[PDB]
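Visitor: File name work13.cif; file contents mmCIF, N, CA and C atoms; full text below.
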```
data_upload
loop_
_atom_site.label_atom_id
_atom_site.label_comp_id
_atom_site.auth_asym_id
_atom_site.auth_seq_id
_atom_site.Cartn_x
_atom_site.Cartn_y
_atom_site.Cartn_z
N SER P 225 0.86 -1.21 0.00
CA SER P 225 0.00 0.00 0.00
C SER P 225 0.88 1.25 0.00
N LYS P 226 0.41 2.26 -0.73
CA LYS P 226 1.09 3.53 -0.97
C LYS P 226 1.56 4.11 0.37
N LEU P 227 2.83 4.49 0.44
CA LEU P 227 3.31 5.22 1.62
C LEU P 227 2.75 6.60 1.51
N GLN P 228 2.12 7.07 2.58
CA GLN P 228 1.54 8.40 2.55
C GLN P 228 1.57 9.03 3.96
N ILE P 229 2.11 10.22 4.05
CA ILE P 229 2.08 10.98 5.32
C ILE P 229 0.64 11.50 5.49
N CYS P 230 0.09 11.20 6.68
CA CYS P 230 -1.28 11.62 7.00
C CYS P 230 -1.28 12.67 8.09
N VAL P 231 -0.32 12.63 9.02
CA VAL P 231 -0.22 13.64 10.10
C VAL P 231 1.09 14.35 9.82
N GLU P 232 0.98 15.65 9.55
CA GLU P 232 2.07 16.56 9.28
C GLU P 232 2.49 17.27 10.58
N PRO P 233 3.81 17.56 10.78
CA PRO P 233 4.23 18.32 11.94
C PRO P 233 3.69 19.76 11.81
N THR P 234 3.70 20.44 12.96
CA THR P 234 3.23 21.82 13.14
C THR P 234 4.36 22.74 13.65
N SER P 235 4.44 23.95 13.06
CA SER P 235 5.34 24.97 13.59
C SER P 235 4.85 25.40 14.97
N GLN P 236 5.78 25.87 15.78
CA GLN P 236 5.49 26.25 17.17
C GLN P 236 6.32 27.47 17.48
N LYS P 237 5.75 28.30 18.35
CA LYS P 237 6.45 29.41 18.97
C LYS P 237 6.49 29.14 20.46
N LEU P 238 7.69 28.88 20.96
CA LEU P 238 7.87 28.36 22.32
C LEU P 238 8.72 29.31 23.14
N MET P 239 8.60 29.20 24.45
CA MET P 239 9.49 29.92 25.35
C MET P 239 10.55 28.97 25.92
N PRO P 240 11.71 29.48 26.36
CA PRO P 240 12.64 28.57 27.01
C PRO P 240 11.90 27.87 28.17
N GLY P 241 12.15 26.58 28.36
CA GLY P 241 11.51 25.84 29.42
C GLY P 241 10.27 25.10 28.97
N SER P 242 9.69 25.49 27.82
CA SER P 242 8.48 24.85 27.23
C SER P 242 8.86 23.49 26.67
N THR P 243 7.87 22.74 26.19
CA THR P 243 8.11 21.47 25.59
C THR P 243 7.98 21.57 24.07
N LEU P 244 8.93 20.96 23.36
CA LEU P 244 8.81 20.79 21.93
C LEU P 244 8.24 19.43 21.63
N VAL P 245 7.14 19.41 20.86
CA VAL P 245 6.55 18.14 20.41
C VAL P 245 6.29 18.21 18.91
N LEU P 246 6.98 17.40 18.10
CA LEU P 246 6.76 17.30 16.67
C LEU P 246 6.28 15.90 16.37
N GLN P 247 5.33 15.79 15.45
CA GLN P 247 4.77 14.50 15.11
C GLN P 247 4.63 14.38 13.59
N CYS P 248 4.92 13.19 13.10
CA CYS P 248 4.67 12.86 11.68
C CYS P 248 4.20 11.43 11.68
N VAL P 249 3.05 11.15 11.04
CA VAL P 249 2.50 9.80 10.99
C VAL P 249 2.18 9.46 9.57
N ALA P 250 2.63 8.31 9.11
CA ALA P 250 2.36 7.84 7.77
C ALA P 250 1.70 6.48 7.84
N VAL P 251 1.02 6.14 6.75
CA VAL P 251 0.53 4.79 6.50
C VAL P 251 1.29 4.22 5.29
N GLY P 252 1.21 2.92 5.12
CA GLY P 252 1.81 2.27 3.98
C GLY P 252 2.21 0.87 4.33
N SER P 253 2.45 0.08 3.29
CA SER P 253 3.02 -1.24 3.50
C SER P 253 4.01 -1.46 2.38
N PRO P 254 5.27 -1.84 2.71
CA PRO P 254 5.76 -2.09 4.07
C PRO P 254 5.64 -0.88 4.99
N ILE P 255 5.65 -1.20 6.27
CA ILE P 255 5.41 -0.21 7.31
C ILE P 255 6.44 0.92 7.21
N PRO P 256 6.00 2.18 7.20
CA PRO P 256 6.97 3.30 7.10
C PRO P 256 7.92 3.38 8.27
N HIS P 257 9.13 3.82 7.95
CA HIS P 257 10.15 4.24 8.88
C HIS P 257 10.29 5.76 8.81
N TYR P 258 10.90 6.27 9.88
CA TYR P 258 10.96 7.74 10.10
C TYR P 258 12.40 8.11 10.46
N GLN P 259 12.78 9.32 10.07
CA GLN P 259 14.04 9.89 10.56
C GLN P 259 13.87 11.42 10.57
N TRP P 260 14.05 12.02 11.75
CA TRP P 260 13.92 13.46 11.88
C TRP P 260 15.22 14.18 11.57
N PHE P 261 15.07 15.40 11.06
CA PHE P 261 16.18 16.26 10.70
C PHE P 261 15.94 17.63 11.29
N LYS P 262 17.03 18.26 11.71
CA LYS P 262 16.97 19.68 12.03
C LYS P 262 18.15 20.33 11.31
N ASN P 263 17.90 21.51 10.77
CA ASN P 263 18.98 22.33 10.11
C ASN P 263 19.90 21.43 9.28
N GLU P 264 19.25 20.59 8.47
CA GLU P 264 19.87 19.76 7.42
C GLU P 264 20.64 18.56 7.95
N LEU P 265 20.61 18.34 9.24
CA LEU P 265 21.35 17.26 9.86
C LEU P 265 20.39 16.25 10.52
N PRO P 266 20.70 14.94 10.45
CA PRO P 266 19.79 14.00 11.12
C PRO P 266 19.88 14.16 12.61
N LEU P 267 18.78 14.07 13.31
CA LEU P 267 18.76 14.04 14.75
C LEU P 267 18.98 12.59 15.14
N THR P 268 20.13 12.32 15.73
CA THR P 268 20.48 10.96 16.01
C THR P 268 19.44 10.26 16.90
N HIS P 269 19.09 9.05 16.48
CA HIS P 269 18.15 8.19 17.15
C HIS P 269 16.74 8.81 17.22
N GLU P 270 16.43 9.69 16.32
CA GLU P 270 15.09 10.14 16.35
C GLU P 270 14.40 9.57 15.13
N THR P 271 13.90 8.35 15.35
CA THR P 271 13.34 7.52 14.29
C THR P 271 11.91 7.14 14.61
N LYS P 272 11.27 7.93 15.45
CA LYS P 272 9.90 7.70 15.88
C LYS P 272 8.96 8.76 15.31
N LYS P 273 7.66 8.43 15.30
CA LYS P 273 6.66 9.37 14.82
C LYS P 273 6.67 10.67 15.63
N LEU P 274 7.02 10.58 16.93
CA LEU P 274 7.14 11.74 17.78
C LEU P 274 8.59 12.12 18.00
N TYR P 275 8.87 13.41 17.97
CA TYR P 275 10.16 13.96 18.42
C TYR P 275 9.80 14.92 19.54
N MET P 276 10.34 14.72 20.75
CA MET P 276 9.93 15.58 21.88
C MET P 276 11.11 15.92 22.75
N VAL P 277 11.23 17.21 23.04
CA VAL P 277 12.28 17.79 23.88
C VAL P 277 11.57 18.44 25.06
N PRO P 278 11.82 17.96 26.28
CA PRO P 278 11.00 18.41 27.39
C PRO P 278 11.08 19.80 27.82
N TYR P 279 12.28 20.35 27.83
CA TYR P 279 12.53 21.70 28.33
C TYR P 279 13.42 22.30 27.24
N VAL P 280 12.88 23.15 26.42
CA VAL P 280 13.64 23.71 25.31
C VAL P 280 14.46 24.91 25.69
N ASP P 281 15.49 25.13 24.88
CA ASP P 281 16.24 26.38 24.97
C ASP P 281 16.59 26.81 23.57
N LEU P 282 17.41 27.86 23.45
CA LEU P 282 17.62 28.45 22.12
C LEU P 282 18.24 27.45 21.15
N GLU P 283 18.99 26.49 21.68
CA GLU P 283 19.62 25.50 20.82
C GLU P 283 18.61 24.67 20.04
N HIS P 284 17.36 24.62 20.51
CA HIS P 284 16.35 23.82 19.80
C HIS P 284 15.62 24.59 18.71
N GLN P 285 15.92 25.89 18.53
CA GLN P 285 15.33 26.65 17.45
C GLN P 285 15.85 26.09 16.13
N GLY P 286 15.00 26.05 15.12
CA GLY P 286 15.48 25.63 13.81
C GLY P 286 14.35 25.16 12.94
N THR P 287 14.76 24.60 11.80
CA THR P 287 13.83 24.16 10.80
C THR P 287 13.90 22.63 10.84
N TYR P 288 12.74 21.97 11.01
CA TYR P 288 12.69 20.49 11.18
C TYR P 288 11.84 19.87 10.11
N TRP P 289 12.14 18.61 9.82
CA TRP P 289 11.26 17.80 8.97
C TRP P 289 11.61 16.34 9.23
N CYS P 290 10.73 15.48 8.73
CA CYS P 290 10.87 14.05 8.91
C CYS P 290 10.90 13.39 7.55
N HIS P 291 11.88 12.53 7.34
CA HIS P 291 11.90 11.68 6.15
C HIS P 291 11.19 10.38 6.47
N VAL P 292 10.21 10.04 5.64
CA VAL P 292 9.38 8.86 5.88
C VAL P 292 9.57 7.92 4.71
N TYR P 293 9.84 6.63 4.99
CA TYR P 293 10.29 5.80 3.88
C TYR P 293 10.05 4.33 4.13
N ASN P 294 9.97 3.59 3.04
CA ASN P 294 10.09 2.14 3.10
C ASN P 294 10.94 1.70 1.93
N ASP P 295 10.94 0.40 1.60
CA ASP P 295 11.79 -0.12 0.54
C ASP P 295 11.26 0.10 -0.86
N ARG P 296 10.19 0.90 -1.02
CA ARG P 296 9.75 1.32 -2.35
C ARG P 296 9.66 2.83 -2.53
N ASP P 297 9.16 3.49 -1.50
CA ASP P 297 8.67 4.86 -1.63
C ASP P 297 9.25 5.68 -0.48
N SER P 298 9.29 7.00 -0.68
CA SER P 298 9.60 7.89 0.43
C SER P 298 8.99 9.26 0.18
N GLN P 299 8.68 9.90 1.30
CA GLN P 299 8.13 11.23 1.29
C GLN P 299 8.83 11.98 2.42
N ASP P 300 8.98 13.31 2.19
CA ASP P 300 9.42 14.21 3.26
C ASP P 300 8.19 14.95 3.79
N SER P 301 8.14 15.07 5.12
CA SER P 301 7.12 15.91 5.71
C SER P 301 7.35 17.30 5.27
N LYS P 302 6.33 18.09 5.51
CA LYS P 302 6.47 19.53 5.49
C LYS P 302 7.63 19.97 6.43
N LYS P 303 8.29 21.08 6.04
CA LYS P 303 9.30 21.70 6.88
C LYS P 303 8.54 22.67 7.79
N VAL P 304 8.92 22.58 9.07
CA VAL P 304 8.31 23.39 10.11
C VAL P 304 9.40 24.08 10.88
N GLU P 305 9.05 25.29 11.36
CA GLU P 305 9.99 26.16 12.11
C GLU P 305 9.58 26.18 13.59
N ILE P 306 10.57 25.92 14.43
CA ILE P 306 10.40 26.06 15.86
C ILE P 306 11.15 27.32 16.23
N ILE P 307 10.39 28.27 16.77
CA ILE P 307 10.91 29.56 17.20
C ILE P 307 10.92 29.60 18.70
N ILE P 308 12.04 30.01 19.27
CA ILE P 308 12.19 30.03 20.71
C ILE P 308 12.49 31.45 21.15
N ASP P 309 11.47 32.05 21.77
CA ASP P 309 11.41 33.48 22.07
C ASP P 309 11.50 33.75 23.57
#
```
As structure tokens - that is how I would like this structure written.
Guide:
Amino acid sequence: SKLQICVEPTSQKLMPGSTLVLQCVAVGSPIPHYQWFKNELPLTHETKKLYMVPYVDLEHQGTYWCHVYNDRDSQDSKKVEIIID
């Protein structure tokens, strides 16, 4: 079945100390895999539908997206901006 992202991440405007929660959910068979990126670099070990940072600071500001893939198809989520004010 067609790999397709159904839940797209959302941009957020956060304060230091707030929680960052990004989500990307896809359907498909074979079952989709995920890998999150920030500022063009993979976030190590962030291979889940959720990416969550409990207490944010300025270092978490940036542009994020998730690569979603299986052994036939792949899609990139929308790019979202996390602003830390």
Visitor: One number please: CA of residue 230 (chain P) to CA of residue 261 (chain P), in Å, one decimal.
Guide: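 Answer for the CA of residue 230 (chain P) to CA of residue 261 (chain P) separation: 18.4 Å.
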Visitor: Any idea what's packed within 6.5 Å of residue 297 (chain P), counting only N, CA and C atoms, ignoring anything in its chain fewer than 4 positions away? Could you give it as a count of residues only?
Guide: 3
Visitor: Rank nothing, just name the residue among P:233, P:286, P:278, P:266 nearest to residue 247 (chain P), using only N, CA and C atoms.
Guide: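 The answer is P:233, which sits nearest to residue 247 (chain P).
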Visitor: Name all residues at most 8 Å from residue 251 (chain P) (count all atoms listed in the file; drop same-chain ones fewer than 3 positions away) and give them as a PDB file with N, CA and C atoms, in the frame of the given file.
Guide:
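Resulting contents of result-v5.pdb:
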```pdb
ATOM      1  N   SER P 225       0.860  -1.210   0.000  1.00  0.00           N
ATOM      2  CA  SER P 225       0.000   0.000   0.000  1.00  0.00           C
ATOM      3  C   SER P 225       0.880   1.250   0.000  1.00  0.00           C
ATOM      4  N   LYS P 226       0.410   2.260  -0.730  1.00  0.00           N
ATOM      5  CA  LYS P 226       1.090   3.530  -0.970  1.00  0.00           C
ATOM      6  C   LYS P 226       1.560   4.110   0.370  1.00  0.00           C
ATOM      7  N   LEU P 227       2.830   4.490   0.440  1.00  0.00           N
ATOM      8  CA  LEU P 227       3.310   5.220   1.620  1.00  0.00           C
ATOM      9  C   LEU P 227       2.750   6.600   1.510  1.00  0.00           C
ATOM     10  N   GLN P 228       2.120   7.070   2.580  1.00  0.00           N
ATOM     11  CA  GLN P 228       1.540   8.400   2.550  1.00  0.00           C
ATOM     12  C   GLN P 228       1.570   9.030   3.960  1.00  0.00           C
ATOM     13  N   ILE P 229       2.110  10.220   4.050  1.00  0.00           N
ATOM     14  CA  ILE P 229       2.080  10.980   5.320  1.00  0.00           C
ATOM     15  C   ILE P 229       0.640  11.500   5.490  1.00  0.00           C
ATOM     16  N   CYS P 230       0.090  11.200   6.680  1.00  0.00           N
ATOM     17  CA  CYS P 230      -1.280  11.620   7.000  1.00  0.00           C
ATOM     18  C   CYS P 230      -1.280  12.670   8.090  1.00  0.00           C
ATOM     19  N   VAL P 231      -0.320  12.630   9.020  1.00  0.00           N
ATOM     20  CA  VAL P 231      -0.220  13.640  10.100  1.00  0.00           C
ATOM     21  C   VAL P 231       1.090  14.350   9.820  1.00  0.00           C
ATOM     22  N   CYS P 248       4.920  13.190  13.100  1.00  0.00           N
ATOM     23  CA  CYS P 248       4.670  12.860  11.680  1.00  0.00           C
ATOM     24  C   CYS P 248       4.200  11.430  11.680  1.00  0.00           C
ATOM     25  N   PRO P 254       5.270  -1.840   2.710  1.00  0.00           N
ATOM     26  CA  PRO P 254       5.760  -2.090   4.070  1.00  0.00           C
ATOM     27  C   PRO P 254       5.640  -0.880   4.990  1.00  0.00           C
ATOM     28  N   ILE P 255       5.650  -1.200   6.270  1.00  0.00           N
ATOM     29  CA  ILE P 255       5.410  -0.210   7.310  1.00  0.00           C
ATOM     30  C   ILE P 255       6.440   0.920   7.210  1.00  0.00           C
ATOM     31  N   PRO P 256       6.000   2.180   7.200  1.00  0.00           N
ATOM     32  CA  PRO P 256       6.970   3.300   7.100  1.00  0.00           C
ATOM     33  C   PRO P 256       7.920   3.380   8.270  1.00  0.00           C
TER      34      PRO P 256
END
```
Visitor: What does the PyMOL selection byres ((chain P and resi 282-285) around 6.5) select in this file, as a list in words?
Guide: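 Written out, the selection comes to residues 240, 280, 281, 286, 287, 306, 307 and 308 of chain P.
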Visitor: For a test of reading the model, state the distance in Å between atom C of residue 299 (chain P) and atom C of residue 246 (chain P), rounded to one decimal.
Guide: 14.7 Å
Visitor: Between atom N of residue 243 (chain P) and atom N of residue 264 (chain P), measure the distance and give it in Å to one decimal.
Guide: 21.2 Å
Visitor: Point out the residue among P:271, P:234, P:263, P:253 with the least atom-to-atom distance to residue 288 (chain P), counting all atoms listed in the file.
Guide: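 Looking at the shortest contact to residue 288 (chain P), the residue is P:263.
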Visitor: To verify the selection step, state as a PDB file with N, CA and C atoms, in the coordinates of the input which residues the PyMOL selection byres (((chain P and resi 276 and name CA) around 6) and name CA) yields on this input.
Guide:
```pdb
ATOM      1  N   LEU P 244       8.930  20.960  23.360  1.00  0.00           N
ATOM      2  CA  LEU P 244       8.810  20.790  21.930  1.00  0.00           C
ATOM      3  C   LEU P 244       8.240  19.430  21.630  1.00  0.00           C
ATOM      4  N   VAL P 245       7.140  19.410  20.860  1.00  0.00           N
ATOM      5  CA  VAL P 245       6.550  18.140  20.410  1.00  0.00           C
ATOM      6  C   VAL P 245       6.290  18.210  18.910  1.00  0.00           C
ATOM      7  N   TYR P 275       8.870  13.410  17.970  1.00  0.00           N
ATOM      8  CA  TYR P 275      10.160  13.960  18.420  1.00  0.00           C
ATOM      9  C   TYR P 275       9.800  14.920  19.540  1.00  0.00           C
ATOM     10  N   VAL P 277      11.230  17.210  23.040  1.00  0.00           N
ATOM     11  CA  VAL P 277      12.280  17.790  23.880  1.00  0.00           C
ATOM     12  C   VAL P 277      11.570  18.440  25.060  1.00  0.00           C
TER      13      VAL P 277
END
```
Visitor: Name the residues of chain P that fall into strand (DSSP E or B) according to DSSP on the backbone, using the chain letters and numbers of this document, as a PyMOL selection string.
Guide: chain P and resi 228-231+236-238+244-247+249-251+257-262+265-266+274-277+286-293+298-300+304-308
Visitor: Taking into account only N, CA and C atoms, which residue in the set P:273, P:298, P:242, P:232 is nearest to residue 258 (chain P)?
Guide: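 Closest candidate: P:273.
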Visitor: Taking only C-alpha atoms into account, name the residue in P:237, P:303, P:294, P:279 that is nearest to residue 260 (chain P).
Guide: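 Going through P:237, P:303, P:294, P:279 one by one, the smallest distance to residue 260 (chain P) is for P:303.
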